[PDB]
Structure formats: C-alpha cells, structure tokens
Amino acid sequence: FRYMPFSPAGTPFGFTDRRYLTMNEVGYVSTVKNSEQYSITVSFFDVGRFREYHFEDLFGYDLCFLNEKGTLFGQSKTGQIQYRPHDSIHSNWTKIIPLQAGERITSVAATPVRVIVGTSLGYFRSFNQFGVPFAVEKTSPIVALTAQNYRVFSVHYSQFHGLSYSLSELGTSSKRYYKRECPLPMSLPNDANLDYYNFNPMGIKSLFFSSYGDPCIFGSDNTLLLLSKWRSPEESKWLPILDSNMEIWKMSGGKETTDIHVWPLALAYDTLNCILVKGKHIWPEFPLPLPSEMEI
C-alpha cells in the first residue's frame, strides 16, 4: 500500500489542470497548474467575514487544511509547510519538516492554537500557531488528520489490522489519549471515478469534528459516522447518523439516480453541510455550487 497525501474533501486533477486542495464550512482552496508553477486560491463561503486571496505556489503544495483563523499548506515530498493567517495582522511562516528516505507527509491539520503534521512513517509533529515545535511523537503510519482546539483525530494504518484511529488532547500539560489505535469501522472502497481512488485509496472523503466535539468520518459508502460517548471508553460507539444515499434517493421522488452525489463539508448541530455534486464524477468541479444542508 502506498500512502497518498490526504486533505479533507480534496479532489483530484483528473484530466484538468485544477483541483480543490481542501474544503469545509469555512471555504474552499483550489490549485491551478499554469506555465511553470501553481496558483493557489483561498475562497470563503462567508464573503463578508473573510477576504479571498490567491498567490503563486513555487513549491507545489498538495496538502491543505483550512480553519476559521488560517490556512495550512504542506508539500508531501519536500516536507515544506506554510501557515497563512486570514488576518494580515499576523504574519505567515514557513518550515521544512525533516523526512527520511521514502517518508512523505500524509496529512496536516491546524487549529487556532495547534499545527499538526503526520507522516507515512508514523511521525507526529506538533507546533503552536506561530511555528514553535512542541513535541515529536512516533505512532503507527498516519493517513489522515483533523483537529479542533486542543483535540486531534488521527487515522492510522498498519499491515496487520488495517485502519485504526486515535483520539487525543494536546493540552497545556501533556498529551492524553482517549482512544489509542482503536478499530475504525469505516467501509473500504470496493470506471469514470478511477482517478479519485488512485488519488484517495482509503476512500475517506472527509473527516472532522462536529460542532459539539465528536469525531466524524465520511467514507466511500457515503455514510456519515459519528463517534459518540468517546469520553467513556466502555460506552463509546460509532453511530451511522446519515445515509446520504438514502436521502438523495428520497429527494429524487423515489427514483434511483446516479448523477447526484454528496461531498461533505462539515457537521453542525443538526445539519450536514455539503456540496451537491451533479455530474459524471463524484467530486465537485469548477465552479463550486452553493453549499447545501442535510438534516440529520
């Protein structure tokens, strides 16, 4: 198995020169192949709240994570990352992550207080929002990361059991694990969408914390899984709370369609924020439709 660079709700190039690096309720980040470099655009859904901007990418960032305070970029092969705050009050910063032979950055994530980098060798590197390193940790190989405040939801892969997940807190004191490499009951992927599964072999379309702090994951079966009661190790369970295949079926007046797909952005309190994709491909293209809401 080969580790591909992962970002929440990212899309592949396909046969075009542009794609989305990442995507959630805050906005969407795109990259465009031009002459010799790349052009990255950071757009927001709340136009009144944030300022859209673009810049020339001389490094070829293939990893991205977006939150309410800034945007994090990563280069999987060179190890270079850049954090760009939304407000111009705070300055950008750049860092190069050490990478051994064959080691790639597989996923990055950021909160207003933490910056996280995971690698294919299982290196877990954390920083504050200004680039000051806090700890280097060795875990199982990391394939996907998301974060919220001081909490981190990581997806891991081993050659023995397959996919597992960890749930931790990067507090001011020490890092505490609520769940440590526990089974991940997400269905693996089983063609016009062949480019997507080469782009994301695990089929994790996106993952995020809900607005109330529970980890969520959205796999190839298009079912939103919520981890409930994760503070009680003996009571925690994964709940399928939305089968988007069933809702799309009901939306079409009871007719089986294969032209509408759900692209998950976020889970609020009672609504799944998403993009409704209409077309041959299961991933959204340009221009991006208006975000939709699906009641739980």
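Sequential numbering from 1, following the sequence displayed. Definition used throughout: the rigid core is the maximal C-alpha set that superposes within 1.5 Å between two forms.
Novice: I'd like to know which segment deviates more from the shown structure in 5 other deposited structures of this protein: 253-261 or 225-233, using C-alpha RMS over all structures and residues after a core fit.
Specialist: Larger mean C-alpha displacement, comparing 253-261 and 225-233 in 5 other deposited structures of this protein, is found in 253-261.
Novice: Residues without coordinates, deposited sequence, stretch from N190 to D191: is the count none, 1 to 3, 4 to 9, or 10 or more?
Specialist: The entry leaves 4 to 9 residues without coordinates here.
Novice: Tell me which stretch has the larger mean Cα B-factor in this entry, 166-174 or 81-89.
Specialist: Comparing 166-174 with 81-89, the higher average CA B-factor belongs to 166-174.
Novice: State which stretch shows the higher mean Cα B factor in the entry: 133-141 or 180-188.
Specialist: Averaged over C-alpha atoms, the B-factors run higher in 180-188.
Novice: Would you mind checking which of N34, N67, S43, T31 has the top Cα temperature factor in the PDB entry?
Specialist: Comparing C-alpha B-factors across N34, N67, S43, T31, the top value belongs to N34.
Novice: For the listed residues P264, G27, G48, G60, which one has the largest C-alpha B-factor as given in the deposited model?
Specialist: It is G48.
Novice: In terms of the chain's CA B-factor thirds, is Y20 lowest, middle or highest?
Specialist: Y20: CA B-factor falls in the lowest third of its chain.
Novice: Lowest, middle or highest third: where is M202 by Cα B-factor in its chain?
Specialist: Within its chain, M202 is a highest-third residue by C-alpha B-factor, going by the deposited values.
Novice: Which third of the chain holds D259 when residues are ordered by C-alpha B factor: lowest, middle or highest?
Specialist: As the PDB entry reports it, the C-alpha B-factor of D259 lands in the highest third of its chain.
Novice: Grab the CA temperature factor for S158 from the record and place it in the lowest, middle or highest third of its chain.
Specialist: It falls in the top third of the chain.
Novice: Of the three thirds of its chain by CA temperature factor, lowest, middle or highest, which one includes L272?
Specialist: Middle third by C-alpha B-factor.
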